[PDB]
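Visitor: Chains as they are written, first to last, in the entry's author numbering: chain M, 851 to 909; chain O, 85 to 126; chain P, 78 to 106, 113 to 126; chain L, 2 to 215, 226 to 326, 337 to 403.
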Amino acid sequence: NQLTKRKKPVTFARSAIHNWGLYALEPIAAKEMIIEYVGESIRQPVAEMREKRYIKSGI
Amino acid sequence: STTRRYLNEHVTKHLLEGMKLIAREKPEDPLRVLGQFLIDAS
Amino acid sequence: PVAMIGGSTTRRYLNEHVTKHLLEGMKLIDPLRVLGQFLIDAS
Amino acid sequence: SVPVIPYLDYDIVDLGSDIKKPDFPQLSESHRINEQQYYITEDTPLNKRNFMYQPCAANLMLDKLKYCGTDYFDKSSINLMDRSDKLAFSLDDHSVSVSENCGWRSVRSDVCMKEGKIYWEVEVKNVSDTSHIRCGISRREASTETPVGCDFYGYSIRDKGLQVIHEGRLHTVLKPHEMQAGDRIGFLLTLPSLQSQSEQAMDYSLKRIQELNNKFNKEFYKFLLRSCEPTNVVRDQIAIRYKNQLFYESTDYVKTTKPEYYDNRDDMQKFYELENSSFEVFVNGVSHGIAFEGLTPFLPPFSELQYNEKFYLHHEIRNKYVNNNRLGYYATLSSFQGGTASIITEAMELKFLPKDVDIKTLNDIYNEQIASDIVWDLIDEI
């Protein structure tokens, strides 16, 4: 939420590489932040189970 | 490994069991009883 | 002395009392029956 | 390539100086559970990157080693190396306790359990509806931050119902009786002899060399399982200074797979299990049956050390599956958001002892851990 004001208007659409990819909606210059990575925070043993549990079902 | 080759066939069985017995309880001289027990090892 | 340099433990008696001349009987070492009396020559 | 490290100002100690030889894991206030103040370890190193840390003493009597092994505590208790950073303990009950918002961690106790009949009891000091406790067994191979029962390097006991844990599964094979605020768990742990382990060690040595081995070059991996000797040790345990004080960089085993040797008779994968192991709990001193006959036989060929595959194959060089004085299953205790449980060492604090003849506590083997580790490195001095 601190680094939300500094981001770029890039959208996601159907990718030219793979299933889903991001499409930069403006001519970004050399060293500007596109997007802060956001998500969970979970350590190495609990993410060791999730590394296989999703691929046990097969995401 | 030369001393590690020769001794580990020999020193690991009896002298380690001789030092696993003196770890339990200790008299005022324990050098007599383990020295006696290694004559029993031969 | 070696009463605490070998370790800060009441089970660290060994590096001063017993195992000093047990290793120093092993600094010449061979059979096993002569090792029973290299256990003796600290007494 | 490097020389041995000399002695410093705290190393050579005066007679009246009763300072302790490795520096104490200093106590600091974490939380207040069971109306006691539990305390953390602040400046000591902890086991990371598949390694461990161990106290050393500046031994003066030897020429090659200026450092040999020693310990902090007089009797056995929780080892300080396998510890989290939000995990707390005390000098009153020696219970391990993570914080109120902390997660599933575990701490092993440093008894090195190889052969014989060894028995110890585990105090269950407190349990809530939101708190869980998994006291059980784990190896030196298995680490501390994961609650054990994640792999076959350890088996634990569930909190309610005693569903015996193996690879994340919950087997209700014993008699179910849940923990309460005044409970205790007694691990009657039958291990067979070290001669019984040593002949299973040649069984994985002789069946990984040439039975299924026809990668690009595997004779040099056959050679490490050729020279896979049942008790023999290639140890790299060197002394390092760390946070102004002396410690060890002792090698630790890396994670491996299931040993499945094809017996021709069984027409399937056959597993390596020990000679009649027994996994019994004493919930308040009643027999609950035997859970695990299948404790693994592990010492050279079942756990793989920290070994180098590319630096080392060009050439002197050590062996892949060797031993040390640290290999074995360990007295394990896990906690969940502050589930307080204690390990109990000596028979005066034992409340429910079995009539047995081979009742051996930690401190018989812990004194054997002190007396062997010196003389496992008195062969290193030559």
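Positions of the beta carbon are idealized from the N, C-alpha and C atoms, including for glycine.
1. Since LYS118(L) is in the beta strand (DSSP E), which residue starts that stretch and which ends it?
2. Counting only beta-carbon atoms, is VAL95(P) nearer than 9 Å to chain O?
3. Rounding to the nearest angstrom, what Cα-Cα distance links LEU374(L) and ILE364(L) in this structure?
4. By alpha-carbon positions, which one of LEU371(L), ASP24(L), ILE20(L) ends up nearest to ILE186(L)?
5. Report yes or no: do the region 102-122 of chain L and the region 342-355 of chain L share at least 3 C-beta pairs separated by less than 8 Å?
6. Tell me, please, whether the CB atom of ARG89(P) is closer than 9 Å to any CB atom in chain O?
7. Assign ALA58(L) to one of three DSSP states: helix, strand, or coil.
8. Give me the Cα-Cα distance between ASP277(L) and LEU175(L), rounded to the nearest whole angstrom.
9. Is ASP263(L) near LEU316(L), with beta carbons less than 9 Å apart?
10. Whose Cβ in chain L lies nearer than 8 Å to the Cβ of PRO78(P)?
11. So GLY162(L) packs on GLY150(L), CB below 8 Å; how close in whole Å?
12. If you draw a straight line from the C-alpha of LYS281(L) to the C-alpha of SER197(L), how long is it?
13. Tell me, to the nearest whole angstrom, how far the beta carbon of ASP377(L) is from that of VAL294(L); I am working on the premise that it is less than 8 Å.
14. Going by CA-CA distance only, name the one from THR45(L), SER194(L), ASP160(L), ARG140(L) that's closest to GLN181(L).
15. Going along the region 99-110 of chain O in order, which residues come within less than 8 Å of chain L, judged by CB to CB distance?
16. Nearest CA to the CA of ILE34(L): which residue from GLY305(L), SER356(L), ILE380(L)?
17. Would you verify that the beta carbon of residue 219(L) is, or is not, closer than 9 Å to some beta carbon of chain M?
18. Starting from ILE878(M), follow the beta strand (DSSP E) in both directions and report where the run begins and ends.
19. Determine, using beta-carbon pairs with one atom in the region 25-45 of chain L and one in the region 81-99 of chain L, whether at least three such pairs fall under 8 Å.
20. Output the boundary residues of the beta strand (DSSP E) element that contains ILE395(L).
21. Could you tell me if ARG903(M) is buried or exposed, where buried requires 16 or more neighbouring beta carbons within 10 angstroms of its beta carbon?
22. Just grab the DSSP bridge partners of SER355(L) for me.
23. Determine whether the beta carbon atoms of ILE884(M) and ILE878(M) lie at a separation below 9 Å.
24. Helix, strand or coil: which one does DSSP assign to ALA250(L)?
25. Closest to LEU171(L) by C-alpha separation, out of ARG135(L), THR131(L), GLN201(L), would be which residue?
26. Going by beta carbon distance, what residues of the same chain come within less than 7 Å of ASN384(L), once the five residues before and after it are set aside?
27. DSSP state of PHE188(L), grouped into three classes?
28. Helix or strand or just coil, what does DSSP make of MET114(L)?
29. Among the residues of its own chain, which have a CB less than 7 Å from the CB of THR361(L), if the five just before and after it don't count?
30. Under 9 Å, do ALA125(P) and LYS97(P) count as touching if we go by C-beta distance?
31. For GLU402(L), which option in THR87(P), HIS94(P), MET103(P) has the closest C-alpha, if you only look at C-alpha atoms?
32. Using a Cβ-Cβ cut-off of 6 Å (strictly less than) and excluding sequence neighbours within five positions of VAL123(L), which residues of its own chain qualify?
33. Can you list, in chain order, the residues of its chain with a C-beta nearer than 8 Å to that of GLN37(L)? Leave out the 5 residues immediately preceding and following it.
34. With a Cβ-Cβ cutoff of 9 Å, do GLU240(L) and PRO177(L) count as a contact?
35. Would you report the Cα separation of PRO46(L) and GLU93(P), rounded to the nearest angstrom?
Guide: Inspection of the coordinates gives the following:
1. To locate residue 118(L), count along the fourth sequence from 1; it is residue 117. Its beta strand (DSSP E) spans residues 118-125.
2. Within the third sequence, numbered from 1, the residue matching residue 95(P) stands at position 18. Answer yes: the Cβ-Cβ gap between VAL95(P) and chain O drops below 9 Å somewhere.
3. Here residue 374(L) refers to the residue found at position 353 of the fourth sequence. Here residue 364(L) refers to the residue found at position 343 of the fourth sequence. Straight-line Cα distance between these residues: approximately 15 Å.
4. Mapped onto the fourth sequence, residue 186(L) falls at position 185. Measuring from the Cα of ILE186(L), the nearest candidate turns out to be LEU371(L).
5. yes
6. Counted from its first residue, the third sequence places residue 89(P) at position 12. No - not a single Cβ of chain O is within 9 Å of the one on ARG89(P).
7. In the fourth sequence, the residue the question calls residue 58(L) occupies position 57. It is a strand residue.
8. Residue mapping note: residue 277(L) aligns to position 266 of the fourth sequence, counting from 1. Residue mapping note: residue 175(L) aligns to position 174 of the fourth sequence, counting from 1. Cα-Cα distance, rounded: 28 Å.
9. Translated into the one-based positions of the fourth sequence, residue 263(L) becomes position 252. Translated into the one-based positions of the fourth sequence, residue 316(L) becomes position 305. Contact flag set, yes.
10. Translated into the one-based positions of the third sequence, residue 78(P) becomes position 1. Neighbours of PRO78(P) on chain L, chain order: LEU16.
11. As a first step, residue 162(L) must be located in the fourth sequence, where it is residue number 161. As a first step, residue 150(L) must be located in the fourth sequence, where it is residue number 149. That belief does not hold up - the Cβ atoms of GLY162(L) and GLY150(L) are roughly 14 Å apart, past 8 Å.
12. Counting from one through the fourth sequence, the residue named residue 281(L) turns up at place 270. Counting from one through the fourth sequence, the residue named residue 197(L) turns up at place 196. Taking the straight line joining both Cα atoms gives about 18 Å.
13. On the fourth sequence, residue 377(L) is found 356 positions in, with the first residue counted as 1. On the fourth sequence, residue 294(L) is found 283 positions in, with the first residue counted as 1. No, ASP377(L) and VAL294(L) are not in contact; Cβ-Cβ is about 18 Å, not under 8 Å.
14. The residue you call residue 181(L) lines up with position 180 of the fourth sequence. The shortest Cα separation from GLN181(L) among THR45(L), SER194(L), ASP160(L), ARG140(L) belongs to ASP160(L).
15. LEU99, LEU100, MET103, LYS104, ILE106, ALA107, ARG108
16. As a position in the fourth sequence, residue 34(L) is number 33, starting the count at 1. The residue with the shortest Cα to Cα distance from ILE34(L) is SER356(L).
17. In this structure residue 219(L) is absent; chain L steps straight from 215 to 226.
18. Taking the first sequence and counting its residues from 1, one reaches residue 878(M) at position 28. Looking at the DSSP string, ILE878(M) is not in any beta strand (DSSP E), and its letter there is neither H nor E.
19. yes
20. Along the fourth sequence, one-based indexing puts residue 395(L) at 374. Here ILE395(L) belongs to no beta strand (DSSP E); instead the alpha helix (DSSP H) covers 383-397.
21. The residue given as residue 903(M) occupies position 53 in the first sequence. Exposed, by the Cβ-count rule.
22. Counting from one through the fourth sequence, the residue named residue 355(L) turns up at place 334. BP columns for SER355(L) point to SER107(L), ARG135(L).
23. The residue labelled residue 884(M) in the question sits at position 34 within the first sequence. The residue labelled residue 878(M) in the question sits at position 28 within the first sequence. A contact, by the Cβ cut-off of 9 Å.
24. Residue numbering aside, residue 250(L) sits at position 239 when the fourth sequence is read from its first letter. If DSSP states are grouped into helix, strand and coil, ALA250(L) belongs with the strands.
25. Numbered from 1 along the fourth sequence, position 170 holds the residue referred to as residue 171(L). Ranking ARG135(L), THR131(L), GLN201(L) by Cα distance to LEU171(L) puts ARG135(L) first.
26. Your numbering for residue 384(L) matches position 363 in the fourth sequence. Once the five neighbours on either side are set aside, the close Cβ partners of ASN384(L) are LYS76, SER77, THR366, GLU367.
27. As a first step, residue 188(L) must be located in the fourth sequence, where it is residue number 187. Strand.
28. To locate residue 114(L), count along the fourth sequence from 1; it is residue 113. Reduced to three states, the DSSP call for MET114(L) is strand.
29. Position 340 of the fourth sequence, counting from 1, holds the residue named residue 361(L). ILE34, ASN35, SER96, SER98, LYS126, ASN127, listed in sequence order.
30. By 1-based counting over the third sequence, the position of residue 125(P) is 42. By 1-based counting over the third sequence, the position of residue 97(P) is 20. Taking 9 Å as the Cβ cut-off, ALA125(P) and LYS97(P) qualify as a contacting pair.
31. In the fourth sequence, residue 402(L) corresponds to position 381, counting from 1. That would be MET103(P), whose Cα lies nearest to the Cα of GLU402(L).
32. Within the fourth sequence, numbered from 1, the residue matching residue 123(L) stands at position 122. The answer, listed in chain order, is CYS136, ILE186, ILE364.
33. On the fourth sequence, position 36 is the one that residue 37(L) refers to. Only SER91, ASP93, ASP94 meet the Cβ criterion.
34. On the fourth sequence, position 229 is the one that residue 240(L) refers to. On the fourth sequence, position 176 is the one that residue 177(L) refers to. It is not a contact, given that the beta carbons lie outside the stated cut-off.
35. For the purposes of this step, residue 46(L) is identified with residue 45 of the fourth sequence, where counting begins at 1. For the purposes of this step, residue 93(P) is identified with residue 16 of the third sequence, where counting begins at 1. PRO46(L) and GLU93(P): Cα-Cα distance of roughly 29 Å.
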